[PDB]
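> I'd like to ask some things about the structure below.
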Amino acid sequence: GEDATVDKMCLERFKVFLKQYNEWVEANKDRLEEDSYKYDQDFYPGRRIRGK
Amino acid sequence: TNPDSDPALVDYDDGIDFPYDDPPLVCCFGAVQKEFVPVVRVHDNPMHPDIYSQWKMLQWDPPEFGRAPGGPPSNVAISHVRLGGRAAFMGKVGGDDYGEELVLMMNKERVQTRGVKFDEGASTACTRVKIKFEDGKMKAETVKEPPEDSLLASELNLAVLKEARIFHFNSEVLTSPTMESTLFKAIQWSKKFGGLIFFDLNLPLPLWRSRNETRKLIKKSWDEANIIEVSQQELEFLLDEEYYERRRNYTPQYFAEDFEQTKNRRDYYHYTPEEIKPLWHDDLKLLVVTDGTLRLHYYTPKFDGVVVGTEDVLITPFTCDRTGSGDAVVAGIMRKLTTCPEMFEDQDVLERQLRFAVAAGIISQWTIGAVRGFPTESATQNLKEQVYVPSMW
Amino acid sequence: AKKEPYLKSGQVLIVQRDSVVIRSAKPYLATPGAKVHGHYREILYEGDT
Amino acid sequence: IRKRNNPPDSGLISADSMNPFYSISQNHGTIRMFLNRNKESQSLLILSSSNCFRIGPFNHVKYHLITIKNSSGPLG
Ligand SMILES: [Ca+2]
Ligand SMILES: [K+]
């Protein structure tokens, strides 16, 4: 219940990873998407979801 | 009575009071030549340089731009008369034997040459040029234009223009400053009397150099043409040559999006009217895109579509000749337009009458020479009924 | 259904939420007593009996 | 074998045209390969857009607190 909420959790090592992960995502969201178009002609299950 | 005057004051009048004889007259304006395919592009797999007997192999396996090549406006006039219509040719020829021969060629074809002027001090189909070595490359400059490219605006036959319900010209005249000025006067007169303007592009060799440059030259004549005929290569070149080539070369990586794509047939792509918007204008009553005699993509303000055709140059391998096929399909269009005014606003009858143009083009590919083997109306009508099921004719 | 066009002959290769991908197949009717040449899943080229 | 034993060490002076990398400066389809043990050699087929096609879309799938909405994702 209430004692089991997130605010009672440490998760700091995972939180630091999320901080690094979010920073990496912003700096590579566009870069990865362009590579998908450059290499994968047609979208297929298992490929990067691109476009709309 | 002044051809060079502005077509806004008193007409040429004269004593025409009785009704004109059917079918409606058609004016074909520009140079007069025999053969002389204008559309020239660079093609791969050339045959033997000297052994011309092998060159038939490129007639039944032609370059995609030369599938139904056009010609001079004289071919359209000659082919139109053999289809039953009446055509008058406007142009200038020299006083030499060739000018007499060319006029004799059109006279024997029942083409009204009353609009043909004679330049005594000129040599027919003869352009005097000066060779100059500029930047290490040999070039030439037109010192004196030929009589074909030397028709003054004061030499126009207003009697032809008033009667002519359709005015036909090519983009070859746009390569001559003299004829380009004369053309706009003739178009202005023709619009005054109510005739329709037909623009068969047939882009000559210089006009294939650049898309932007060509569209600027065509811009003025394109905007005043009620009917325009272009080939697939011409239309793609005007819009984007590389874009439509990439679509043809595109193959889905994993699977086809429909069963028909698996067959990997020839790409008979029908351009959407949105892709035609850059080239469309208010006065354009009809635009036809001809993939040879295979597809006739027609476009009207109200509707658009494609008419499926065929080609069988292989049925007579030794007498097949693509030359003049584009003239035959154009002449077939004008033959029916002058007789079926409902075509511009009835899609069903538009397809049926365009099949006549398809059949005319097919026959024109079965004989060596353009004017030598332009089909007769009965020959064209018979092929249309044989090729198509009776529901399509 | 009524609205959907007919399905070309083949085997259902991919099933998705809305669309289905079919691998083209050509059924040959065979009467009893005929002799099928080739084991199951054997590759046949054009013109092979 | 054993590239040491390559008289091709003198083969370049013969009719060879190997670049010294000091002055030198579509087709698709998946592999459909299976082992038919009667041949002792796997046979190959190519599945491409010329064999597999897509049937048009249709509706054939018929479905039978301090918290956020359920979302497909990792649990850890
Ligand atoms: Ca043409
Ligand atoms: K011909």
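Residue numbering restarts at 1 in every chain; chains get A, B, ... in the order shown in the structure tokens, and ligands count up from 1 in that same order.
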Name the residues, by chain letter and number, that sit within 12 Å of ligand 1 using only C-alpha atoms and all ligand atoms, and give them as number ranges by chain.

B: 37-39, 65-73, 75-76, 168-172, 198-204, 227-235, 287-293, 296, 323-331, 333, 361

> When the cut-off is 6 Å and you count only C-alpha atoms and all ligand atoms, which residues lie near ligand 2, shown as a list in words?

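Checking only C-alpha atoms and all ligand atoms against ligand 2 at 6 Å gives residues 321, 322, 323, 324, 364, 365, 367, 368, 369, 370 and 373 of chain B.
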
> For the residues selected in the previous step, produce a file with N, CA, C and O atoms as an mmCIF file, in the first residue's frame.


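Generated output (result.cif):
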data_model
loop_
_atom_site.group_PDB
_atom_site.id
_atom_site.type_symbol
_atom_site.label_atom_id
_atom_site.label_comp_id
_atom_site.auth_asym_id
_atom_site.auth_seq_id
_atom_site.Cartn_x
_atom_site.Cartn_y
_atom_site.Cartn_z
ATOM 1 N N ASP B 321 8.348 0.577 -88.514
ATOM 2 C CA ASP B 321 9.033 1.859 -88.388
ATOM 3 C C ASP B 321 8.236 2.735 -87.437
ATOM 4 O O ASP B 321 7.091 3.086 -87.732
ATOM 5 N N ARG B 322 8.845 3.088 -86.307
ATOM 6 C CA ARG B 322 8.165 3.895 -85.303
ATOM 7 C C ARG B 322 7.879 5.308 -85.786
ATOM 8 O O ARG B 322 7.005 5.973 -85.221
ATOM 9 N N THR B 323 8.587 5.775 -86.810
ATOM 10 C CA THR B 323 8.496 7.168 -87.223
ATOM 11 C C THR B 323 7.081 7.524 -87.657
ATOM 12 O O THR B 323 6.426 6.774 -88.383
ATOM 13 N N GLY B 324 6.612 8.681 -87.198
ATOM 14 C CA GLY B 324 5.299 9.168 -87.548
ATOM 15 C C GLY B 324 4.167 8.605 -86.723
ATOM 16 O O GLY B 324 3.017 9.010 -86.926
ATOM 17 N N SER B 364 0.427 3.100 -88.156
ATOM 18 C CA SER B 364 1.531 3.934 -88.603
ATOM 19 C C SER B 364 2.894 3.344 -88.272
ATOM 20 O O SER B 364 3.895 3.797 -88.833
ATOM 21 N N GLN B 365 2.961 2.355 -87.388
ATOM 22 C CA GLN B 365 4.217 1.713 -87.035
ATOM 23 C C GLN B 365 4.540 0.518 -87.918
ATOM 24 O O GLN B 365 5.594 -0.099 -87.737
ATOM 25 N N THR B 367 4.864 0.422 -91.312
ATOM 26 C CA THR B 367 5.361 0.745 -92.639
ATOM 27 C C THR B 367 6.531 1.707 -92.537
ATOM 28 O O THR B 367 6.529 2.615 -91.702
ATOM 29 N N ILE B 368 7.531 1.497 -93.392
ATOM 30 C CA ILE B 368 8.704 2.359 -93.407
ATOM 31 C C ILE B 368 8.320 3.717 -93.971
ATOM 32 O O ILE B 368 7.704 3.813 -95.040
ATOM 33 N N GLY B 369 8.682 4.775 -93.256
ATOM 34 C CA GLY B 369 8.333 6.114 -93.679
ATOM 35 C C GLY B 369 7.086 6.618 -92.990
ATOM 36 O O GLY B 369 6.168 5.842 -92.714
ATOM 37 N N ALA B 370 7.038 7.917 -92.704
ATOM 38 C CA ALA B 370 5.903 8.474 -91.981
ATOM 39 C C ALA B 370 4.732 8.750 -92.914
ATOM 40 O O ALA B 370 3.656 8.160 -92.769
ATOM 41 N N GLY B 373 3.008 5.689 -95.043
ATOM 42 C CA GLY B 373 2.066 4.731 -94.508
ATOM 43 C C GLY B 373 1.160 5.242 -93.411
ATOM 44 O O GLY B 373 0.871 4.514 -92.457
#

> Taking 3 positions as the minimum chain separation for residues in the same chain, which residues sit within 9 Å of range 26-39 of chain D when counting only C-alpha atoms? Answer as number ranges by chain.

B: 249-255; C: 41-42; D: 42-50

> Near chain D, meaning an atom within 12 Å, which residues of chain A appear when counting only C-alpha atoms? Write them as a PyMOL selection string.

chain A and resi 1-2+4-7+14+40-42

> Contacts from chain B to chain C, 12 Å maximum, only C-alpha atoms: show me the residue list as a list in words.

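Close enough to count are residues 254, 255, 256, 257, 258, 259, 260, 262 and 263 of chain B.
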
> Convert the current residue selection to file output with C-alpha atoms, as a CSV table (one decimal), in the first residue's frame.


chain,number,residue,atom,x,y,z
B,254,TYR,CA,9.9,-7.9,-48.4
B,255,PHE,CA,6.6,-8.4,-50.2
B,256,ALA,CA,4.4,-6.8,-52.8
B,257,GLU,CA,1.6,-4.5,-51.6
B,258,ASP,CA,-0.9,-6.2,-54.1
B,259,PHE,CA,-1.0,-9.2,-56.3
B,260,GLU,CA,-0.5,-7.2,-59.5
B,262,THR,CA,4.1,-9.6,-58.1
B,263,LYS,CA,3.8,-9.9,-61.9

> As a PyMOL selection string, could you give me every residue of chain C near chain D (at most 12 Å apart, counting only C-alpha atoms)?

chain C and resi 1-26+38-45

> Find the distance between CA of residue 236 in chain B and CA of residue 209 in chain B and write it in Å to one decimal.

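Going from CA of residue 236 in chain B over to CA of residue 209 in chain B covers 13.7 Å.
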
> For CA of residue 32 in chain B and CA of residue 157 in chain B, determine how far apart the two atoms are, in Å to one decimal place.

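About the pair CA of residue 32 in chain B and CA of residue 157 in chain B: they are 16.2 Å apart.
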
> So how many Å separate CA of residue 320 in chain B and CA of residue 366 in chain B, to one decimal?

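That distance, rounded to one decimal, is 4.5 Å.
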
> Neighbouring residues of range 80-82 of chain B were defined as those with any atom within 9 Å, considering only C-alpha atoms; residues of the same chain fewer than 2 positions away were excluded. Please report them as a short mmCIF file (atom, residue, chain, number, x, y, z; two decimals) with C-alpha atoms, in the first residue's frame.


data_model
loop_
_atom_site.label_atom_id
_atom_site.label_comp_id
_atom_site.auth_asym_id
_atom_site.auth_seq_id
_atom_site.Cartn_x
_atom_site.Cartn_y
_atom_site.Cartn_z
CA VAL B 26 -7.57 22.09 -89.10
CA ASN B 75 2.98 14.88 -90.92
CA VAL B 76 0.06 15.70 -88.61
CA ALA B 77 -1.72 17.52 -91.44
CA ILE B 78 -1.08 14.71 -93.93
CA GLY B 84 -10.99 11.79 -93.37
CA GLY B 85 -10.50 15.28 -91.97
CA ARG B 86 -9.56 18.46 -93.78
CA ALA B 87 -6.21 20.04 -92.94
CA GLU B 109 -2.32 14.38 -99.88
CA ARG B 110 -5.31 16.75 -100.31
CA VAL B 111 -3.76 19.16 -97.79
CA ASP B 327 1.81 12.20 -85.58
CA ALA B 328 -0.83 9.56 -86.31
CA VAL B 330 -2.26 13.32 -82.67
CA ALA B 331 -4.04 13.45 -86.03
CA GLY B 332 -6.47 10.82 -84.76
CA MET B 334 -8.01 16.10 -83.96
CA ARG B 335 -9.99 13.96 -86.40
CA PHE B 374 -0.30 6.98 -92.59
CA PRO B 375 -3.48 4.93 -92.07
CA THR B 376 -6.75 5.59 -93.82
CA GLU B 377 -9.88 6.19 -91.76
#

> Would you pick out the contacts of residue 126 in chain B at 12 Å or less, using only C-alpha atoms, so that residues sharing its chain but fewer than 5 positions from it are not included, and give the list as a PDB file with N, CA, C and O atoms, in the first residue's frame?


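Done, and the output landed in result.pdb:
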ATOM      1  N   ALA B  31       7.228  24.226 -89.419  1.00  0.00           N
ATOM      2  CA  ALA B  31       8.072  23.818 -90.530  1.00  0.00           C
ATOM      3  C   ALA B  31       7.459  22.637 -91.270  1.00  0.00           C
ATOM      4  O   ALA B  31       6.665  21.873 -90.719  1.00  0.00           O
ATOM      5  N   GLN B  33       8.690  19.282 -93.329  1.00  0.00           N
ATOM      6  CA  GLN B  33       9.809  18.398 -93.595  1.00  0.00           C
ATOM      7  C   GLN B  33       9.254  17.010 -93.860  1.00  0.00           C
ATOM      8  O   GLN B  33       8.108  16.704 -93.523  1.00  0.00           O
ATOM      9  N   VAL B  93       8.284  27.980 -97.520  1.00  0.00           N
ATOM     10  CA  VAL B  93       9.270  27.129 -98.167  1.00  0.00           C
ATOM     11  C   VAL B  93      10.053  27.973 -99.161  1.00  0.00           C
ATOM     12  O   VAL B  93       9.620  29.049 -99.579  1.00  0.00           O
ATOM     13  N   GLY B  94      11.222  27.473 -99.534  1.00  0.00           N
ATOM     14  CA  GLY B  94      12.020  28.137-100.539  1.00  0.00           C
ATOM     15  C   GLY B  94      11.458  27.935-101.933  1.00  0.00           C
ATOM     16  O   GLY B  94      10.593  27.097-102.182  1.00  0.00           O
ATOM     17  N   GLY B  95      11.969  28.733-102.862  1.00  0.00           N
ATOM     18  CA  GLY B  95      11.553  28.633-104.244  1.00  0.00           C
ATOM     19  C   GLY B  95      12.258  27.574-105.054  1.00  0.00           C
ATOM     20  O   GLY B  95      12.002  27.451-106.254  1.00  0.00           O
ATOM     21  N   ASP B  96      13.139  26.799-104.432  1.00  0.00           N
ATOM     22  CA  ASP B  96      13.912  25.785-105.135  1.00  0.00           C
ATOM     23  C   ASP B  96      13.032  24.571-105.427  1.00  0.00           C
ATOM     24  O   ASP B  96      11.819  24.580-105.201  1.00  0.00           O
ATOM     25  N   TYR B  98      13.055  21.634-103.944  1.00  0.00           N
ATOM     26  CA  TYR B  98      12.584  20.974-102.732  1.00  0.00           C
ATOM     27  C   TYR B  98      11.328  21.643-102.189  1.00  0.00           C
ATOM     28  O   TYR B  98      10.401  20.962-101.737  1.00  0.00           O
ATOM     29  N   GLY B  99      11.284  22.975-102.218  1.00  0.00           N
ATOM     30  CA  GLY B  99      10.075  23.668-101.811  1.00  0.00           C
ATOM     31  C   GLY B  99       8.887  23.306-102.679  1.00  0.00           C
ATOM     32  O   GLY B  99       7.775  23.118-102.180  1.00  0.00           O
ATOM     33  N   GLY B 121      14.226  33.883-102.546  1.00  0.00           N
ATOM     34  CA  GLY B 121      15.629  34.011-102.209  1.00  0.00           C
ATOM     35  C   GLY B 121      16.044  33.169-101.021  1.00  0.00           C
ATOM     36  O   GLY B 121      16.732  33.655-100.119  1.00  0.00           O
ATOM     37  N   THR B 142      23.467  30.120 -85.874  1.00  0.00           N
ATOM     38  CA  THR B 142      22.579  30.268 -87.024  1.00  0.00           C
ATOM     39  C   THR B 142      22.790  31.641 -87.648  1.00  0.00           C
ATOM     40  O   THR B 142      22.296  32.649 -87.142  1.00  0.00           O
ATOM     41  N   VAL B 143      23.538  31.684 -88.750  1.00  0.00           N
ATOM     42  CA  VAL B 143      23.720  32.940 -89.470  1.00  0.00           C
ATOM     43  C   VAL B 143      22.417  33.370 -90.129  1.00  0.00           C
ATOM     44  O   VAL B 143      21.995  34.526 -90.016  1.00  0.00           O
ATOM     45  N   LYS B 144      21.756  32.445 -90.822  1.00  0.00           N
ATOM     46  CA  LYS B 144      20.507  32.734 -91.514  1.00  0.00           C
ATOM     47  C   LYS B 144      19.562  31.561 -91.323  1.00  0.00           C
ATOM     48  O   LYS B 144      19.918  30.420 -91.629  1.00  0.00           O
ATOM     49  N   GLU B 145      18.365  31.841 -90.822  1.00  0.00           N
ATOM     50  CA  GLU B 145      17.388  30.791 -90.599  1.00  0.00           C
ATOM     51  C   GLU B 145      16.858  30.260 -91.930  1.00  0.00           C
ATOM     52  O   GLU B 145      16.842  30.978 -92.933  1.00  0.00           O
ATOM     53  N   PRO B 146      16.420  29.005 -91.965  1.00  0.00           N
ATOM     54  CA  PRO B 146      15.831  28.458 -93.185  1.00  0.00           C
ATOM     55  C   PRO B 146      14.469  29.073 -93.442  1.00  0.00           C
ATOM     56  O   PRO B 146      13.872  29.672 -92.535  1.00  0.00           O
ATOM     57  N   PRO B 147      13.946  28.957 -94.664  1.00  0.00           N
ATOM     58  CA  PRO B 147      12.610  29.510 -94.936  1.00  0.00           C
ATOM     59  C   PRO B 147      11.523  28.916 -94.062  1.00  0.00           C
ATOM     60  O   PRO B 147      10.522  29.590 -93.796  1.00  0.00           O
ATOM     61  N   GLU B 148      11.688  27.674 -93.601  1.00  0.00           N
ATOM     62  CA  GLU B 148      10.720  27.106 -92.669  1.00  0.00           C
ATOM     63  C   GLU B 148      10.663  27.915 -91.382  1.00  0.00           C
ATOM     64  O   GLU B 148       9.581  28.146 -90.831  1.00  0.00           O
ATOM     65  N   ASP B 149      11.821  28.355 -90.887  1.00  0.00           N
ATOM     66  CA  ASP B 149      11.904  29.174 -89.685  1.00  0.00           C
ATOM     67  C   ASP B 149      11.888  30.666 -89.988  1.00  0.00           C
ATOM     68  O   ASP B 149      12.398  31.461 -89.189  1.00  0.00           O
ATOM     69  N   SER B 150      11.313  31.072 -91.121  1.00  0.00           N
ATOM     70  CA  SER B 150      11.378  32.467 -91.537  1.00  0.00           C
ATOM     71  C   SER B 150      10.026  32.982 -92.011  1.00  0.00           C
ATOM     72  O   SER B 150       9.962  33.817 -92.919  1.00  0.00           O
TER      73      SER B 150
END

> Output as JSON, numbers by chain all residues of chain A that backbone DSSP marks as alpha helix (DSSP H).

{"A": [12, 13, 14, 15, 16, 17, 18, 19, 20, 21, 22, 23, 24, 25, 26, 27, 28, 29, 30, 31, 32, 33, 34, 35, 36, 37, 38, 39]}

> Write out, as a compact mmCIF listing (two decimals), in the first residue's frame, the residues just selected, with C-alpha atoms.


# COMPACT_ATOMS: atom_id res chain seq x y z
CA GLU A 12 19.22 5.59 -7.33
CA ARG A 13 21.53 3.53 -9.54
CA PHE A 14 18.62 2.90 -11.90
CA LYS A 15 17.56 6.55 -11.65
CA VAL A 16 21.05 7.68 -12.67
CA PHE A 17 20.80 5.33 -15.65
CA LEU A 18 17.46 6.89 -16.59
CA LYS A 19 19.13 10.31 -16.42
CA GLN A 20 21.84 9.10 -18.80
CA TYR A 21 19.36 7.18 -20.95
CA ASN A 22 17.07 10.18 -21.43
CA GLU A 23 20.03 12.39 -22.35
CA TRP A 24 21.23 9.83 -24.90
CA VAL A 25 17.75 9.48 -26.40
CA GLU A 26 17.45 13.20 -27.13
CA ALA A 27 20.86 13.38 -28.80
CA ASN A 28 20.25 10.29 -30.95
CA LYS A 29 16.51 10.17 -31.70
CA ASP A 30 16.95 11.90 -35.05
CA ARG A 31 20.30 10.24 -35.79
CA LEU A 32 18.94 6.71 -35.42
CA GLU A 33 15.81 7.45 -37.45
CA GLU A 34 17.84 8.72 -40.40
CA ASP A 35 19.98 5.57 -40.30
CA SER A 36 16.82 3.45 -40.49
CA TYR A 37 15.78 5.21 -43.70
CA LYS A 38 19.34 5.03 -45.02
CA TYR A 39 19.66 1.27 -44.50
